[PDB]
Amino acid sequence: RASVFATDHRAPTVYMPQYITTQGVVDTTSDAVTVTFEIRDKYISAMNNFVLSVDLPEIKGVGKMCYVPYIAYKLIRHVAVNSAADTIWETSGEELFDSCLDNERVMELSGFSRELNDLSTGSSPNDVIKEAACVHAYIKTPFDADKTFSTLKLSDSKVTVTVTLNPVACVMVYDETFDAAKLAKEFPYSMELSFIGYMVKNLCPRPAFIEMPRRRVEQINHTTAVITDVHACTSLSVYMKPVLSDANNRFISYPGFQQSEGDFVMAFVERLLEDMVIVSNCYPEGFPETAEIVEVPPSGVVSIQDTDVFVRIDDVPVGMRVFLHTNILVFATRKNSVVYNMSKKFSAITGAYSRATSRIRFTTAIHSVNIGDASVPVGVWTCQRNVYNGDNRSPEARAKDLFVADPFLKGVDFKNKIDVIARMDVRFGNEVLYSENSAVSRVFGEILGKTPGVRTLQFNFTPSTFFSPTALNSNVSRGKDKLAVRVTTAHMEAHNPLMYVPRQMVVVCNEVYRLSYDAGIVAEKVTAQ
Amino acid sequence: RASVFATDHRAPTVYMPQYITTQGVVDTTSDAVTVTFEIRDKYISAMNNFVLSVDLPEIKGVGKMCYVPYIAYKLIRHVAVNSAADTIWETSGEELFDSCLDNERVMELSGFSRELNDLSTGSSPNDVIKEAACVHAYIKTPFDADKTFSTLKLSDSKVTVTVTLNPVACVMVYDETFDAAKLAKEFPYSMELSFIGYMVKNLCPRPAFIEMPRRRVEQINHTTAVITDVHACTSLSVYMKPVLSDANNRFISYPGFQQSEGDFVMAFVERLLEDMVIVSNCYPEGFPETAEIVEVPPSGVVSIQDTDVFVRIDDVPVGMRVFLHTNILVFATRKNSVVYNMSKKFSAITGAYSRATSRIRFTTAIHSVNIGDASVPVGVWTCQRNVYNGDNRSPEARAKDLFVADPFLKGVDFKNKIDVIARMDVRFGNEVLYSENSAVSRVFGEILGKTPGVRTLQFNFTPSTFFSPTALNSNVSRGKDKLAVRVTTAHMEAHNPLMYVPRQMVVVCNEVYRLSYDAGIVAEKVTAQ
Amino acid sequence: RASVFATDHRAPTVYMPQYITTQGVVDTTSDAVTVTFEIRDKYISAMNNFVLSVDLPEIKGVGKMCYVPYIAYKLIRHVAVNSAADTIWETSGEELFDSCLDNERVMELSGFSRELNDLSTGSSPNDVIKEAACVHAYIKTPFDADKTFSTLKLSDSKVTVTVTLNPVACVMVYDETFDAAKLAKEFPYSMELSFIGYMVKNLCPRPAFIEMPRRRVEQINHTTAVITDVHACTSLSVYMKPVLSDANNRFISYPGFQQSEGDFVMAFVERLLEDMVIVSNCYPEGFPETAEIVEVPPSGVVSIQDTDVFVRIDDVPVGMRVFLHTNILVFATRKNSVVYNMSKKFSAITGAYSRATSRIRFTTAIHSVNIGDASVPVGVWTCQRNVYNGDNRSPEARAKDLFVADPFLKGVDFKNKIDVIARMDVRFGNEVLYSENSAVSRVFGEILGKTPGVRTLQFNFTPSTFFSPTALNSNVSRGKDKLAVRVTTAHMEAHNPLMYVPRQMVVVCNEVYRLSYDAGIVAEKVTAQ
């Protein structure tokens, strides 16, 4: 019998950890800002637990602005760990963010708070919109997988960490008044890199295996991706990303710190209601000539074609009347067809009119507005595909619009709940590797603790750092060295504007690399093994 | 010294996982609907990570209806894994649900959202109450305990998975108008089973140990349970379940997607307030003749026996008066005794009357209503034990009632916070195995990560799949082969209606089985070992 | 190749766990109440999983009162496990609470609920403020680290557990009317200790290593701490604690069950708004003569120096006027200097006046009030250092104040979000061990899953119970046997009252002890090893 109450403890190798912080050297001469950190310590033999610290300057001026959640991660486009001009490990910002999303405390470190993420307003050039702050991004690496066992070994080697940054506008949500360009021009990229170094006595570095994510982004509205030179893949991930370019980054609302689906929908609905119901003495003016504003009858029921909206507003003054905007946002690709009308999404609206503020305090609104509706950019509403005018809102409501350029969005909606992929076929060489008609791989990714809300084919179930990893292996004789992924778009109503939001297919292939310390630090891509 | 920075990695077994999905064959000829899946793959040698996918059809018609949270799990009554008419592993739906409750992402896969769980209303026969949806239940098995190590081994064996389903009404909350019977009659039981198969090179299966939960449900209001043929029990669980039969499934309110105790209480209080305070020109009509409605005095204080209720309603029209229902729900088993009165649970009620909607917008209510009050079925309020009429609500408020048949409720309230067990004695053979006067075992179950909110006696603390499990073992010579559990009901006020809610005692015994692969797949109950 | 699908299971040592509950003996003769538990079982050979159960009596009388969250842990000042007048393991209450804070189920066991933590009011001497309750504190010990492997071995030894308690007022939040002293006098300290004992056959105890937290609290507003006799330290933690002795325990608001930063700020803002905006026929009376109350102009804009507050109140009666309190709370250390004015934190206030309740229902308030403002004690506002009166509130608003003595507060605000430490230098002997200019150690503590919100230097990354722990080791020849920690206060505005909240520096050093069972149970501090 093996005892489970007593063990003969082993003495571990003698070591002493130490926290080490290094200053970054900013290079702005290229298209993307880069910050370079040199590992200048020569008394340490191992290292892991990389942390990036970012100093956010105080923001002053006029306009409305908030930060996107998890500022520190959203600022990162690419991280590369190099040893004398040779890459040891590298990842995209999105893969890092996905790998860190599970840890709540760590993600909170990156900046997620009412002060940072709720919309703040400046009304004078000296008004402070956002106070200065420090945020931190935990750069999860395979070197942290098994604590000291997985650490990156250093043997008189110059290890360099290079971080490539997204534009500062990517981590910002702001209105038209806010001067985002000036702040981007004057942003000080003051950052520090921290890590745990280990002074280890009598360390003999053995070869190790690490996984490096290879990311392929297809052209806009392309549904096929080919990954070449695939020899040892531990997991394959497929998902779609929105393309929010100019005029497709403009949104009617943004919930700020409250990030649930209901919060997005409620912010969108509040913005819509601000412009849908009007209390005025005469016919409301200022709307586009295509807007169809009708007076609410004494019964309170307004009929829009064959759907009824029940409007009941309290405390309307004697002279005033209640009006309803019946086509506040419309979309269709052909004339005389069915029209996507945001006003028709409402069944009942109730509220009380306030004399002091000359506005309506809405108390209850029964509606069918969903996350997809709240995620449609203004440019899609007003695109050339629309046969109608599209945006019938007043100039003030349009002036309340916000610009969003969050770099790590997935799917077509902000919460990645509407799946635009119906079928997925994966081919290794000539043969079919996997085929599914539904999101089975997404469910399996959820169950196995992989990247949330994406389709993932997991090939490695072997424990790390004590076994070599199991991977989908190439067979060059049969030509099995390339992965081809084909996806079919999920069916949507042709009048739904969400169909026409541009999208890009992303394929992520995690590949096995062999880490050797015989002569410096060298990472070799595993082939035929 | 043993190194903690470098290890000599081992090459693992050569294997390749694959996601496999199979179609279900529905059998409706018996009392309980069954869906059978055949594992038709002969290339694979091992398998685990079972997932059940359920297609929910679009719901159309009139009435109000929502889904209960975690639809996919609530649909499951029983799961059995068989190999040529012999059971390998089987569980009840409730045990599966309890075993999966810890993983938030997995539970969200089963259907837990605003769209699914909040009450939706149809007003025309063609109105869509609920859109079609797909939900997934992760069938956690002992085969997933240690990833590939615990996988079920296949050796040219026909493994079949049979899922027995609860009635569709069990996963639905609806009013009297909704035609639940018609939808149950026409429910398409389209389901798929998914699992991860493993193509393993040179696999030699070895005997393994798995735990199978044996579930015993005692007769209604029985407090003693005897489990026979107990030879290797790893854990014993005891809890009470409500018996929500016909007319005991009718409830005044249901919170829907918001599932906290405060949400249940708030929904119940809103429903009560809608009928307790009345603004009317004359004495309110339509209530039963036993209802005691009194006018609110100018001081705003209404005295109910020796209890005062402070009612202040703003914006009451000049000619109208405010009325308070003082016995909206009452219960007592004896005349002239103390009466349980829901109206007396309120100390202060404030609100504003709305002319547009002809109703009251309540702003603040100070009350002592608890989860137990919100969990009392209408049938208990109106049962023959009540010496009073019981339900004094108006016909409309009664028409707002909802039918709930959630299969996995524990205790006597929806949130399982009121413990109805005071003492518990467990006897193994003639001798006392464990006796407690408080919920010590429930606290230990919480600490050890066992089923939440139940009393659990844990016998196995040994790591799985690398040691044989430790269990409470039988001694036939002394007669130690049967477990007898006796519980005493916690003291409650005799006028509390919650005391008379029918309940059933449940005892769950997790027993050790030996899995052998010498001749097919055979699971043998561990006896006298 | 090593198999990952099949293993040769080992038979574990024969054991049987059992839940054991013992009654506590209360000693009130000393300054701090102590409860002693005797481990009276001679059959068992091992133990772990200690749980303390506390019976809370029913609370009756007049006044307002709520419990602090996690009552059971906050009641504990110190726990000591002894074997014949020799300490085996001991911890402070704060360290235990910090070590348990990550387990939400376990913390919920300790009394975190709406019934316990929201403010309750008694209006008669017979009114029940709080019903009786039972709460449980899981006494996490190193004996639970690796289940049976780490258990405390018993060999015919008399093990006693002594729990030292904080004053009952520490776990309560109450107003001036509540008679806390009488209830503290009459509190029955009814407590039970539960643990899991193991009946182990043929157990030979082996020496084991455990870590004991050594806690040092410096004098008030001291920034240097010296820890002597440091020979094997696995982790060092540094943080600041507020000192709320008397009149510094009085606070304007407390949010109760809702414990987010936003909840604290919202409760504070509601309390302030109740006194800032007054609707009255004549000039408001009852305020101190230093209060500056001004009438709101028809434009609604009130100018406070160079700050403008937009006040718009609906439904004001014809004869009444709206007033704004322009200095509700003020603080400054010098005359003519910048004044910290809480009224200046508000930019816009909107609401509707209620004739039924003669009060304002505030609907929207735009403000810059933060957690630090909500955490300033009333005594700091009215301290002698303030050159102004400080508290200009009305007597009723002042009568709504609450007394808080939560023992486990960190930082200077209730949520420990404002860091009062700028620099930290740690010296081991004469040399600098670690030096940081920012909260790098706090970030690493968050990443490594250490005590939340504190600066932690981690020295042990070695797995527990299978290796001897790695620690910062002493070198007596070089004088390396003492840790000196120096911190510099973070810069704050001189007019900010939060600067003058008294604080105490806490240093926690986790030290290695050797547990030997050769002759009884003896824990020996690891010295020079």
# chains A, B, ... in the order shown; residues from 1 in each chain; ligands from 1
$ residues_around --residues "residue 349 in chain A" --least-positions-apart "2" --cutoff "12 Å" --atoms "only C-alpha atoms" --output "PyMOL selection string"
(chain A and resi 269-270+272-274+276-277+296+300-302+308-314+322-324+343-347+351-352+360-367) or (chain B and resi 356-357)
$ write_last_selection --atoms "C-alpha atoms" --output "PDB file, in the first residue's frame"
ATOM      1  CA  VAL A 269     -32.578  51.708 -26.054  1.00  0.00           C
ATOM      2  CA  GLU A 270     -32.110  54.800 -23.878  1.00  0.00           C
ATOM      3  CA  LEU A 272     -33.242  55.566 -29.111  1.00  0.00           C
ATOM      4  CA  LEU A 273     -36.005  56.586 -26.688  1.00  0.00           C
ATOM      5  CA  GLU A 274     -34.407  60.012 -26.236  1.00  0.00           C
ATOM      6  CA  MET A 276     -38.288  58.496 -30.526  1.00  0.00           C
ATOM      7  CA  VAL A 277     -40.832  60.182 -28.215  1.00  0.00           C
ATOM      8  CA  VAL A 296     -50.064  59.907 -30.321  1.00  0.00           C
ATOM      9  CA  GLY A 300     -52.200  55.962 -26.744  1.00  0.00           C
ATOM     10  CA  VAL A 301     -51.854  53.388 -29.544  1.00  0.00           C
ATOM     11  CA  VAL A 302     -49.815  54.318 -32.622  1.00  0.00           C
ATOM     12  CA  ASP A 308     -48.890  48.868 -32.723  1.00  0.00           C
ATOM     13  CA  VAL A 309     -46.907  50.946 -30.222  1.00  0.00           C
ATOM     14  CA  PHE A 310     -48.613  51.790 -26.920  1.00  0.00           C
ATOM     15  CA  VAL A 311     -47.337  55.180 -25.709  1.00  0.00           C
ATOM     16  CA  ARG A 312     -48.459  56.648 -22.373  1.00  0.00           C
ATOM     17  CA  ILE A 313     -46.641  59.738 -21.055  1.00  0.00           C
ATOM     18  CA  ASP A 314     -47.602  61.307 -17.725  1.00  0.00           C
ATOM     19  CA  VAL A 322     -46.895  63.651 -27.595  1.00  0.00           C
ATOM     20  CA  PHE A 323     -45.273  62.530 -30.854  1.00  0.00           C
ATOM     21  CA  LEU A 324     -43.707  59.224 -31.902  1.00  0.00           C
ATOM     22  CA  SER A 343     -39.220  51.908 -34.142  1.00  0.00           C
ATOM     23  CA  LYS A 344     -41.252  48.747 -34.811  1.00  0.00           C
ATOM     24  CA  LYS A 345     -39.164  46.942 -32.170  1.00  0.00           C
ATOM     25  CA  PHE A 346     -41.130  48.748 -29.431  1.00  0.00           C
ATOM     26  CA  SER A 347     -44.503  47.511 -28.176  1.00  0.00           C
ATOM     27  CA  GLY A 351     -42.839  57.639 -18.826  1.00  0.00           C
ATOM     28  CA  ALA A 352     -43.396  60.976 -17.134  1.00  0.00           C
ATOM     29  CA  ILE A 360     -39.167  62.596 -20.507  1.00  0.00           C
ATOM     30  CA  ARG A 361     -38.229  60.272 -17.646  1.00  0.00           C
ATOM     31  CA  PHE A 362     -38.953  56.881 -19.198  1.00  0.00           C
ATOM     32  CA  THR A 363     -40.120  54.297 -16.658  1.00  0.00           C
ATOM     33  CA  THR A 364     -40.912  51.209 -18.760  1.00  0.00           C
ATOM     34  CA  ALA A 365     -40.221  50.255 -22.376  1.00  0.00           C
ATOM     35  CA  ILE A 366     -41.231  46.856 -23.760  1.00  0.00           C
ATOM     36  CA  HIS A 367     -39.157  46.112 -26.839  1.00  0.00           C
TER      37      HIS A 367
ATOM     38  CA  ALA B 356     -51.683  57.714 -17.947  1.00  0.00           C
ATOM     39  CA  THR B 357     -51.536  54.050 -16.881  1.00  0.00           C
TER      40      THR B 357
END
$ residues_around --residues "range 522-524 of chain B" --least-positions-apart "4" --cutoff "7 Å" --atoms "only C-alpha atoms" --output "VMD selection string"
chain B and resid 88 513 to 517
$ write_last_selection --atoms "N, CA and C atoms" --output "PDB file, in the first residue's frame"
ATOM      1  N   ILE B  88     -22.536   0.545 -17.916  1.00  0.00           N
ATOM      2  CA  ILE B  88     -21.192   0.961 -17.529  1.00  0.00           C
ATOM      3  C   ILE B  88     -21.238   2.046 -16.466  1.00  0.00           C
ATOM      4  N   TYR B 513     -17.376   1.158  -8.378  1.00  0.00           N
ATOM      5  CA  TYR B 513     -17.493   0.099  -9.368  1.00  0.00           C
ATOM      6  C   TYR B 513     -16.133  -0.147 -10.006  1.00  0.00           C
ATOM      7  N   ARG B 514     -15.871  -1.404 -10.350  1.00  0.00           N
ATOM      8  CA  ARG B 514     -14.633  -1.786 -11.014  1.00  0.00           C
ATOM      9  C   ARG B 514     -14.904  -1.956 -12.503  1.00  0.00           C
ATOM     10  N   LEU B 515     -14.165  -1.218 -13.326  1.00  0.00           N
ATOM     11  CA  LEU B 515     -14.287  -1.290 -14.775  1.00  0.00           C
ATOM     12  C   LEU B 515     -13.193  -2.201 -15.315  1.00  0.00           C
ATOM     13  N   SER B 516     -13.593  -3.305 -15.938  1.00  0.00           N
ATOM     14  CA  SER B 516     -12.661  -4.265 -16.513  1.00  0.00           C
ATOM     15  C   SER B 516     -12.893  -4.366 -18.013  1.00  0.00           C
ATOM     16  N   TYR B 517     -11.802  -4.496 -18.766  1.00  0.00           N
ATOM     17  CA  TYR B 517     -11.867  -4.555 -20.221  1.00  0.00           C
ATOM     18  C   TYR B 517     -11.360  -5.877 -20.785  1.00  0.00           C
TER      19      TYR B 517
END
$ residues_around --residues "residue 65 in chain B" --least-positions-apart "2" --cutoff "8 Å" --atoms "only C-alpha atoms" --output "list in words"
residues 63, 67, 119, 120, 121, 129, 172, 173, 174, 175 and 178 of chain B
$ interface_residues --of "chain C" --to "chain A" --cutoff "8 Å" --atoms "only C-alpha atoms" --output "VMD selection string"
chain C and resid 4 10 to 13 148 to 151 203 to 206 262 312 to 314 434 440 to 441 443 446 to 447 458 to 462 465 to 472
$ select_by_dssp --residues "range 11-83 of chain C" --states "strand (DSSP E or B)" --output "number ranges by chain"
C: 12, 15-23, 25-27, 34-38, 46-56, 59-60, 63-67, 76-83
$ write_last_selection --atoms "N, CA and C atoms" --output "short mmCIF file (atom, residue, chain, number, x, y, z; two decimals), in the first residue's frame"
data_model
loop_
_atom_site.label_atom_id
_atom_site.label_comp_id
_atom_site.auth_asym_id
_atom_site.auth_seq_id
_atom_site.Cartn_x
_atom_site.Cartn_y
_atom_site.Cartn_z
N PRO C 12 -4.24 2.77 -1.51
CA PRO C 12 -3.86 3.72 -0.47
C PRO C 12 -3.88 3.06 0.90
N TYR C 15 -7.83 4.03 5.75
CA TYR C 15 -8.24 5.09 6.67
C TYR C 15 -9.75 5.29 6.56
N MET C 16 -10.31 5.91 7.59
CA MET C 16 -11.71 6.30 7.59
C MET C 16 -11.86 7.70 8.18
N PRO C 17 -12.29 8.67 7.39
CA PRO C 17 -12.53 10.01 7.94
C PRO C 17 -13.83 10.05 8.74
N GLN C 18 -13.90 11.03 9.64
CA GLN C 18 -15.12 11.25 10.41
C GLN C 18 -15.19 12.71 10.81
N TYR C 19 -16.40 13.27 10.75
CA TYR C 19 -16.64 14.63 11.22
C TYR C 19 -16.75 14.63 12.74
N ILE C 20 -15.99 15.50 13.39
CA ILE C 20 -15.97 15.60 14.84
C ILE C 20 -16.26 17.04 15.24
N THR C 21 -17.19 17.23 16.16
CA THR C 21 -17.58 18.54 16.65
C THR C 21 -17.39 18.59 18.16
N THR C 22 -16.74 19.64 18.65
CA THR C 22 -16.47 19.81 20.07
C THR C 22 -17.01 21.15 20.55
N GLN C 23 -17.42 21.19 21.81
CA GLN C 23 -17.97 22.40 22.41
C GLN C 23 -16.85 23.27 22.98
N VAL C 25 -15.22 26.18 25.54
CA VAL C 25 -15.25 26.70 26.91
C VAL C 25 -14.86 28.17 26.85
N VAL C 26 -15.77 29.04 27.29
CA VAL C 26 -15.58 30.48 27.17
C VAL C 26 -14.90 31.00 28.43
N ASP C 27 -13.88 31.82 28.24
CA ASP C 27 -13.20 32.52 29.33
C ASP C 27 -13.30 34.02 29.08
N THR C 34 -11.72 34.54 25.23
CA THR C 34 -11.12 33.37 24.63
C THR C 34 -12.06 32.18 24.73
N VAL C 35 -12.07 31.37 23.68
CA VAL C 35 -12.82 30.12 23.64
C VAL C 35 -11.83 29.00 23.36
N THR C 36 -11.81 27.99 24.22
CA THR C 36 -10.86 26.89 24.13
C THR C 36 -11.58 25.60 23.78
N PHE C 37 -11.03 24.86 22.82
CA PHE C 37 -11.57 23.58 22.39
C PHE C 37 -10.53 22.50 22.64
N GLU C 38 -10.95 21.40 23.25
CA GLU C 38 -10.07 20.27 23.51
C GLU C 38 -10.36 19.16 22.51
N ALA C 46 -5.04 11.48 12.77
CA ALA C 46 -4.75 12.67 11.98
C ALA C 46 -5.99 13.56 11.95
N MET C 47 -5.78 14.82 11.58
CA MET C 47 -6.86 15.79 11.57
C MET C 47 -6.51 16.94 10.63
N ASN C 48 -7.55 17.57 10.09
CA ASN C 48 -7.44 18.81 9.32
C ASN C 48 -8.85 19.37 9.13
N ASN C 49 -8.96 20.43 8.33
CA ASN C 49 -10.25 21.03 7.96
C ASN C 49 -11.01 21.52 9.20
N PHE C 50 -10.39 22.44 9.93
CA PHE C 50 -11.01 23.03 11.11
C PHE C 50 -12.06 24.05 10.70
N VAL C 51 -13.22 23.99 11.35
CA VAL C 51 -14.31 24.93 11.12
C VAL C 51 -14.80 25.45 12.46
N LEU C 52 -14.96 26.76 12.56
CA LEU C 52 -15.53 27.39 13.75
C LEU C 52 -16.97 27.81 13.45
N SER C 53 -17.90 27.36 14.28
CA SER C 53 -19.31 27.71 14.16
C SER C 53 -19.69 28.64 15.30
N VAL C 54 -20.38 29.73 14.96
CA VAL C 54 -20.73 30.77 15.92
C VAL C 54 -22.24 30.95 15.91
N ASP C 55 -22.86 30.92 17.09
CA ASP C 55 -24.29 31.15 17.22
C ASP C 55 -24.53 32.63 17.52
N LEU C 56 -25.23 33.30 16.61
CA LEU C 56 -25.58 34.70 16.81
C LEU C 56 -26.96 34.80 17.45
N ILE C 59 -31.37 39.77 18.06
CA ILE C 59 -31.11 41.14 18.49
C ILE C 59 -32.43 41.89 18.51
N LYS C 60 -32.78 42.42 19.67
CA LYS C 60 -34.02 43.16 19.86
C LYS C 60 -33.72 44.50 20.51
N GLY C 63 -33.26 51.22 17.58
CA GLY C 63 -32.06 51.65 16.88
C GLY C 63 -31.92 50.98 15.53
N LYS C 64 -30.84 51.34 14.84
CA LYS C 64 -30.51 50.81 13.54
C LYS C 64 -29.20 50.03 13.64
N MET C 65 -29.17 48.85 13.03
CA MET C 65 -28.00 47.99 13.16
C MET C 65 -27.93 47.03 11.98
N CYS C 66 -26.71 46.73 11.55
CA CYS C 66 -26.44 45.66 10.61
C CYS C 66 -25.11 45.02 10.97
N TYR C 67 -24.92 43.79 10.50
CA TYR C 67 -23.64 43.12 10.63
C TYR C 67 -22.72 43.50 9.48
N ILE C 76 -12.88 36.83 14.85
CA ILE C 76 -11.67 36.13 15.26
C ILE C 76 -10.51 37.12 15.31
N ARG C 77 -9.89 37.24 16.48
CA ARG C 77 -8.66 38.01 16.61
C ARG C 77 -7.42 37.15 16.45
N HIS C 78 -7.45 35.92 16.97
CA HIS C 78 -6.28 35.06 16.97
C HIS C 78 -6.73 33.61 17.16
N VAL C 79 -6.09 32.70 16.44
CA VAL C 79 -6.30 31.27 16.59
C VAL C 79 -4.95 30.62 16.89
N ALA C 80 -4.92 29.74 17.88
CA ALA C 80 -3.70 29.02 18.24
C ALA C 80 -4.03 27.54 18.41
N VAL C 81 -3.23 26.69 17.77
CA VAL C 81 -3.31 25.24 17.95
C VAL C 81 -2.14 24.83 18.83
N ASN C 82 -2.45 24.25 19.99
CA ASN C 82 -1.44 23.93 20.99
C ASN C 82 -1.43 22.43 21.27
N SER C 83 -0.26 21.94 21.68
CA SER C 83 -0.09 20.56 22.15
C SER C 83 0.67 20.62 23.47
#
$ residues_around --residues "range 214-227 of chain B" --least-positions-apart "2" --cutoff "6 Å" --atoms "only C-alpha atoms" --output "ChimeraX atom specification"
/B:482-487,503-510
$ closest_residue --among "C:427, C:271, C:417, C:495" --to "residue 442 in chain C" --atoms "only C-alpha atoms"
C:417
$ select_by_dssp --residues "range 167-238 of chain A" --states "alpha helix (DSSP H)" --output "ChimeraX atom specification"
/A:180-185
$ residues_around --residues "residue 168 in chain B" --least-positions-apart "3" --cutoff "12 Å" --atoms "only C-alpha atoms" --output "PyMOL selection string"
chain B and resi 32-33+56-57+67-68+71-77+164-165+171-174+180-189+404-407
$ residues_around --residues "range 243-248 of chain A" --least-positions-apart "2" --cutoff "7 Å" --atoms "only C-alpha atoms" --output "NGL selection string"
:A and (241 or 250 or 377-380 or 405 or 502-504)
$ atom_distance --atom1 "CA of residue 280 in chain C" --atom2 "CA of residue 342 in chain C"
22.2 Å
$ residues_around --residues "residue 255 in chain C" --least-positions-apart "5" --cutoff "9 Å" --atoms "only C-alpha atoms" --output "number ranges by chain"
C: 117-119, 260, 263-268
$ write_last_selection --atoms "N, CA and C atoms" --output "tab-separated table (two decimals), in the first residue's frame"
chain	number	residue	atom	x	y	z
C	117	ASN	N	-26.63	41.72	6.62
C	117	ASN	CA	-25.73	42.84	6.38
C	117	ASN	C	-26.42	44.14	6.02
C	118	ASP	N	-27.70	44.12	5.64
C	118	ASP	CA	-28.40	45.37	5.38
C	118	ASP	C	-28.92	45.96	6.68
C	119	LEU	N	-28.96	47.30	6.73
C	119	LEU	CA	-29.35	47.99	7.94
C	119	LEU	C	-30.80	47.66	8.31
C	260	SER	N	-19.75	46.93	-3.24
C	260	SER	CA	-18.88	47.45	-4.28
C	260	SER	C	-18.51	48.90	-3.98
C	263	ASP	N	-21.27	51.10	-4.61
C	263	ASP	CA	-22.29	51.06	-3.56
C	263	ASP	C	-21.92	51.98	-2.39
C	264	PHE	N	-20.66	51.95	-1.96
C	264	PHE	CA	-20.21	52.86	-0.92
C	264	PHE	C	-20.43	54.31	-1.34
C	265	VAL	N	-19.99	54.64	-2.56
C	265	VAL	CA	-20.12	56.02	-3.05
C	265	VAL	C	-21.59	56.42	-3.14
C	266	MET	N	-22.44	55.50	-3.61
C	266	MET	CA	-23.86	55.81	-3.76
C	266	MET	C	-24.53	56.04	-2.41
C	267	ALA	N	-24.23	55.21	-1.41
C	267	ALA	CA	-24.80	55.43	-0.09
C	267	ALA	C	-24.36	56.78	0.47
C	268	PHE	N	-23.07	57.11	0.31
C	268	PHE	CA	-22.57	58.40	0.77
C	268	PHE	C	-23.28	59.55	0.05
$ closest_residue --among "C:320, C:455, C:414, C:232" --to "residue 282 in chain C" --atoms "only C-alpha atoms"
C:320
$ closest_residue --among "C:146, C:337, C:305, C:521" --to "residue 159 in chain C" --atoms "only C-alpha atoms"
C:521
$ atom_distance --atom1 "CA of residue 384 in chain B" --atom2 "CA of residue 332 in chain B"
10.5 Å
